[PDB]
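Chemist: Residue numbers (the authors' numbering), protein chains in the order written: chain B, 3 to 372; chain A, 3 to 372. C-beta atoms are modelled at their ideal positions from N, C-alpha and C, and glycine is treated no differently.
Protein chains: 2
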Amino acid sequence: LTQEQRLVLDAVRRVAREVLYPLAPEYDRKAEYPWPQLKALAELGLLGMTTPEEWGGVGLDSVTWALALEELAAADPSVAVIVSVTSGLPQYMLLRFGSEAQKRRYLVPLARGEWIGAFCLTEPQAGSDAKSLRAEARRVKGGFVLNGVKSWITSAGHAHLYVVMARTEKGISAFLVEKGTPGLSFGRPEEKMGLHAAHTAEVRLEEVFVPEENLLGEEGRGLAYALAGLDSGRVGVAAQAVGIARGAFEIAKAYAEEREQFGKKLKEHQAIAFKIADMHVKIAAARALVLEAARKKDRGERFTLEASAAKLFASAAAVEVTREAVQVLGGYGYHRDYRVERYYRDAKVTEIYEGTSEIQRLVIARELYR
Amino acid sequence: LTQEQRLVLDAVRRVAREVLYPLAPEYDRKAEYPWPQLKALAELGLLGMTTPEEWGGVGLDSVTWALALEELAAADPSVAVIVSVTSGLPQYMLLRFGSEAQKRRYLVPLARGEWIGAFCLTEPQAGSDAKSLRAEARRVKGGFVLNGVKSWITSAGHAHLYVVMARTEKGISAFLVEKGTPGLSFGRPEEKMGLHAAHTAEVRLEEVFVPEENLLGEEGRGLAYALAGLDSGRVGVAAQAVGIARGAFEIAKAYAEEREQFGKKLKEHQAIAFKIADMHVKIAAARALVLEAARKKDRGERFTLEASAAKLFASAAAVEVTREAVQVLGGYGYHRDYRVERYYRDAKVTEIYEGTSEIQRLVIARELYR
Ligand SMILES: Cc1cc2nc3c(=O)[nH]c(=O)nc-3n(C[C@H](O)[C@H](O)[C@H](O)COP(=O)(O)OP(=O)(O)OC[C@H]3O[C@@H](n4cnc5c(N)ncnc54)[C@H](O)[C@@H]3O)c2cc1C
Ligand SMILES: Cc1cc2nc3c(=O)[nH]c(=O)nc-3n(C[C@H](O)[C@H](O)[C@H](O)COP(=O)(O)OP(=O)(O)OC[C@H]3O[C@@H](n4cnc5c(N)ncnc54)[C@H](O)[C@@H]3O)c2cc1C
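Shown next as structure tokens:
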């Protein structure tokens, strides 16, 4: 890493350790939306890592961006997912497909972290098959009228701007809906296994009016925009999966060096030393795939294949590492006060969102036979 | 890859694809030593990739080196092993610890590929635990007299130069022994599961006299010299493991495209498509780990951890990849004519030589707590 890249990570590391880490436990057991953490990050411009400085962001390179997400996830996976989403598709789509006026009033406040954004694609009946969503959008003189139900929306009810994907006569399109808008509604946050602080709920739209200017890019070419940003999002989630593995790993490594049983520190029993070594290898391999993808992105080359590979491997690595991390601490690994149990719960979901492991495999195979 | 790197690799592909690949089958079947392939590689200076030009080598960087070994192993694992060994410790040790006369006399002929080299350390009772070797080296009149047996020696009886690790009153030392020296004999090549063309056999030293000039480095410092090239050797084996995996993967991927069963091409069956994707992911992860260690090596940094991690991972990926590669071709995967079976047999040994997987984990663990 260059001095510059390490300077950035020095800042990310500081906020992660000083703000995210100490607050993580309370926010997880209370399933409380992380406003203090986000604000702490916005002030550092970290909610705009994927956006150029001339749009309110800090425009980092993909490698530094990936390592930052890992650092944030290692401290609080919940805070990291929200970050990756608000500076994810919402800021990706506005930047590459939005108008100068849209970029001026929407991108800027997102990149600067004044607003939290959200992406709405998933529907109760359509998940992996986005290409078949049923949210409607009819042309009304003045704009459009949206009707539908979006599910599993990260930051729902908290985000100021929502990028809603709906269908029109011409096809699937992207819309920009602000909070407060008449008709827009939010269900109660879903109770889940992990990512407790990262609220996810339904975004309900009943006869919501959207101005002609709130339409994002070409009508009917929205799904294409979304998939365009998915490659990046996956590298981002892959990065997070590595962070989740690293966070649990560090606790296990330290523990095996302090804890003693049968007259030796745990690391002195081959079984345990081998678990610590396997964990490391999985993490190193996972990060290697993440950075390779990030570098390819920066070279302006197609990186769909490398993105799914990294997402797929890292999420599996995260689950596999955390399982052993808990194991190393014995009973204590099951205790909330030791954090590894929290990492174990969060790890599993990385195999589901941002494209399930099954879907990542379809994409990979498709790419291999292109 | 830079222009120069592509040129070297383009040259590696040609020889691997026009010489190694075509001959591999009959040499494996007949368990025949690969002289023609070795000669074709020597002419290209490929038997000295790891040595500077001032000493007869082509002084390639670790990345081009790693990628080249991968390429050679993909076409013929047996030839790749001999290459990595003849240009492995024998040349590593001479370069770094040899005297001007020794490098001029032995290193140059090895680097140019005029001679094949061999490293003798392993004994019937000492394998993973090198320190407990029994080879004896007594200080005689104006020289040394060696006695002992070395087993599992790659290129035994074909190599012209043998680096024998024996012990003297001061400790384990490195000795250069040329073929033809009285007292030095060889056993018949061991009957192994794979790497058929890569003959390995016993190296007997019965009252073998070695002149003072043929001692490498400081007496009793030999074991240190050896473990010094070990990090590089493991990177090389890791690269070969990747090659073995690539070889099998390519055949299976293609087959899944041509073969049909139940009305579709195999790739159209999800289970098969997913196997192909999974093979790709572990191969990519393996390669990434290998190149990460290669670069660190080139930066002159300690890469003992990265070396063991790469070798441990790639070796396992080769076994996992080949297992499924055989599975994709069904009954034909078990047939000699389809080559995958050969990659499956060769892959397993990569988890054993150059430090078993159990050993790699000790190193990784030791390194993580250093
Ligand atoms: C914590 C979390 C946060 C999320 N945040 C958002 C968000 O902010 N915005 C948003 O729009 N969505 C979000 N989602 C939803 C997520 O994108 C969807 O869950 C996912 O895209 C599809 O999963 P599903 O629930 O529809 O399951 P399904 O698509 O019904 O799949 C169920 C099972 O079938 C498998 N499967 C499906 N199709 C195939 C196939 N063709 N071949 C083989 N197997 C198949 C799936 O892999 C899975 O194992 C989030 C989800 C979670 C858990
Ligand atoms: C094809 C091939 C080529 C080879 N070429 C050479 C060569 O050119 N030169 C040379 O000197 N040698 C060579 N060898 C030998 C090889 O280096 C040794 O086999 C290896 O270093 C040690 O294995 P071993 O056979 O002595 O088994 P052992 O050392 O007896 O080990 C047996 C089992 O016990 C495990 N084990 C050992 N110690 C521990 C421990 N402390 N904790 C946990 N588990 C342990 C091992 O991992 C293995 O699972 C070659 C071997 C093969 C198969």
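Less than 8 Å between the beta carbons of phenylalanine 305(B) and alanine 318(B), yes or no?
Modeler: Against a cut-off of 8 Å, the Cβ pair of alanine 318(B) and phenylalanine 305(B) comes out as no contact.
Chemist: Here's the rule I'm using: 16 or more other beta-carbon atoms within 10 Å means buried, otherwise exposed. How should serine 310(A) be labelled?
Modeler: Buried: at least 16 other Cβ atoms inside 10 Å.
Chemist: Would you check if the distance between the CB atom of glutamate 73(B) and the CB atom of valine 166(B) is smaller than 8 Å?
Modeler: Against a cut-off of 8 Å, the Cβ pair of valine 166(B) and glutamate 73(B) comes out as no contact.
Chemist: Using 10 angstroms around the beta-carbon of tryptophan 67(B), count the other beta-carbons present and answer buried if the total reaches 16, otherwise exposed.
Modeler: With 16 or more other Cβ atoms within 10 Å, it is buried.
Chemist: Using a Cβ-based criterion (distance less than 7 Å to any ligand heavy atom), does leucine 197(A) qualify as near ligand 2?
Modeler: Yes, Cβ of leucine 197(A) sits closer than 7 Å to a heavy atom of ligand 2.
Chemist: Taking 7 Å as the line, does the beta carbon of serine 130(B) fall inside it for any heavy atom of ligand 1?
Modeler: Yes, since a heavy atom of ligand 1 falls inside the 7 Å radius drawn around the Cβ of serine 130(B).
Chemist: Assuming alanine 240(B) and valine 292(B) are in contact, meaning their beta carbons sit under 8 Å apart, how far apart are those beta carbons, in whole angstroms?
Modeler: Indeed they touch by this definition, with Cβ atoms about 5 Å apart.
Chemist: Do we get a CB-CB distance below 8 Å when we pair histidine 282(B) with the residues of chain A?
Modeler: Answer yes: the Cβ-Cβ gap between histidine 282(B) and chain A drops below 8 Å somewhere.
Chemist: I want to verify the contact list: residues of chain A whose CB lies under 7 Å from the CB of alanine 349(B), in sequence order.
Modeler: The premise fails here: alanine 349(B) is roughly 18 Å from chain A at the closest Cβ pair, so nothing lies under 7 Å.
Chemist: I want to see whether chain B comes within less than 8 Å of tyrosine 371(A), judged by CB atoms only; does it?
Modeler: Taking Cβ atoms only, chain B reaches closer than 8 Å to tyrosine 371(A), which makes this a yes.
Chemist: If I measure Cβ to Cβ from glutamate 343(A) and keep anything under 8 Å in the same chain, skipping five residues before and after, which residues do I get?
Modeler: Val328, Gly335, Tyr336, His337, listed in sequence order.
Chemist: If you measure from the beta carbon of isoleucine 155(A) to each beta carbon in chain B, is any gap under 8 Å?
Modeler: So no, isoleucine 155(A) is outside the interface.
Chemist: Please classify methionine 281(B): is it buried, with 16 or more other beta-carbons within 10 angstroms of its beta-carbon, or exposed?
Modeler: Buried is the call here.
Chemist: Any C-beta of chain B within less than 8 Å: which residues of the segment 250-265 of chain A qualify?
Modeler: So the list reads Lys255, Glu259, given in the order they occur along the chain.
Chemist: In the DSSP output, what is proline 38(B) paired with across the bridge?
Modeler: Answer by DSSP bridge pairing: none, since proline 38(B) is not bridged.
Chemist: Note down, in chain order, all residues in the segment 293-314 of chain A with a beta-carbon under 7 Å from any beta-carbon belonging to chain B.
Modeler: Listed in sequence order: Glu294, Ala311, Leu314.
Chemist: Is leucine 112(B) a contact residue of ligand 1, with contact defined as CB to any heavy atom under 7 Å?
Modeler: Flag unset: Cβ of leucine 112(B) not near ligand 1.
Chemist: Which residues in chain A sit within 7 Å of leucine 291(B), going by Cβ to Cβ distance?
Modeler: Within chain A, the residues near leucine 291(B) are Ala286, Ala287, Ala290.
Chemist: Tell me whether the segment 259-268 of chain B and the segment 88-97 of chain B touch, counting them as touching only if at least three CB pairs, one residue from each stretch, are closer than 8 Å.
Modeler: Contact fails: fewer than three Cβ-Cβ distances are below 8 Å.
Chemist: Can you determine whether any heavy atom of ligand 2 sits closer than 7 Å to the C-beta of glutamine 242(A), and answer yes or no?
Modeler: No.
Chemist: Within its chain, find whatever has a CB closer than 8 Å to the CB of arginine 31(B); leave out the 5 residues flanking it on each side and keep chain order.
Modeler: For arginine 31(B), where only same-chain residues beyond five positions count, the Cβ hits under 8 Å are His198, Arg338.
Chemist: Can you tell which of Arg347(A), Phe121(A), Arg297(A) has the C-alpha that lies nearest to the C-alpha of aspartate 63(A)?
Modeler: The residue with the shortest Cα to Cα distance from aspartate 63(A) is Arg297(A).
Chemist: Report the CB separation of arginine 206(B) from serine 187(B) in whole angstroms; it is logged as a contact under 8 Å.
Modeler: Yes, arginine 206(B) and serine 187(B) are in contact; Cβ-Cβ is about 4 Å, under 8 Å.
Chemist: Under 8 Å, do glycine 185(B) and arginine 347(B) count as touching if we go by C-beta distance?
Modeler: Contact flag unset, no.
Chemist: So, does the segment 119-128 of chain B touch the segment 147-159 of chain B, judging by three or more C-beta pairs under 8 Å?
Modeler: Result yes; three or more Cβ-Cβ pairs closer than 8 Å.
Chemist: Examine chain B for any beta-carbon lying closer than 8 Å to the beta-carbon of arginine 363(A), and answer yes or no.
Modeler: Yes, because at least one Cβ of chain B sits closer than 8 Å to the Cβ of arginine 363(A).
Chemist: I want to verify the contact list: residues of chain B whose CB lies under 8 Å from the CB of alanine 367(A), in sequence order.
Modeler: By Cβ distance, chain B contributes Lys269, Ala275, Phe276, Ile278, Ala279.
Chemist: DSSP three-state label for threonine 352(A), please.
Modeler: Helix at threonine 352(A).
Chemist: Suppose you measure from the CA of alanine 128(B) to the CA of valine 65(A); what does that come to, to the nearest Å?
Modeler: Roughly 45 Å between the two C-alpha positions.
Chemist: Quick one: grab the DSSP three-state call for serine 157(A).
Modeler: In the structure shown, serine 157(A) sits in coil (DSSP, three-state: anything other than H, G, I, E or B).
Chemist: Is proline 213(B) helix, strand or coil when you go by DSSP?
Modeler: Correct three-state label for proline 213(B): strand.
Chemist: What would DSSP say about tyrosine 371(B), mapped onto helix, strand or coil?
Modeler: In the structure shown, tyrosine 371(B) sits in coil (DSSP, three-state: anything other than H, G, I, E or B).
Chemist: Quick one, which of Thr358(A), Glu303(A), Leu232(A), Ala200(A) has its alpha-carbon nearest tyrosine 29(A)'s?
Modeler: Minimum Cα distance to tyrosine 29(A) is reached at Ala200(A).
Chemist: May I ask whether a heavy atom of ligand 2 can be found less than 7 Å away from the beta carbon of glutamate 214(A)?
Modeler: The answer is no for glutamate 214(A).
Chemist: Rounded to whole angstroms, what's the CA-CA distance from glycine 222(A) to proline 24(A)? Just pull it up for me.
Modeler: Each residue's Cα considered, the two are about 45 Å apart.
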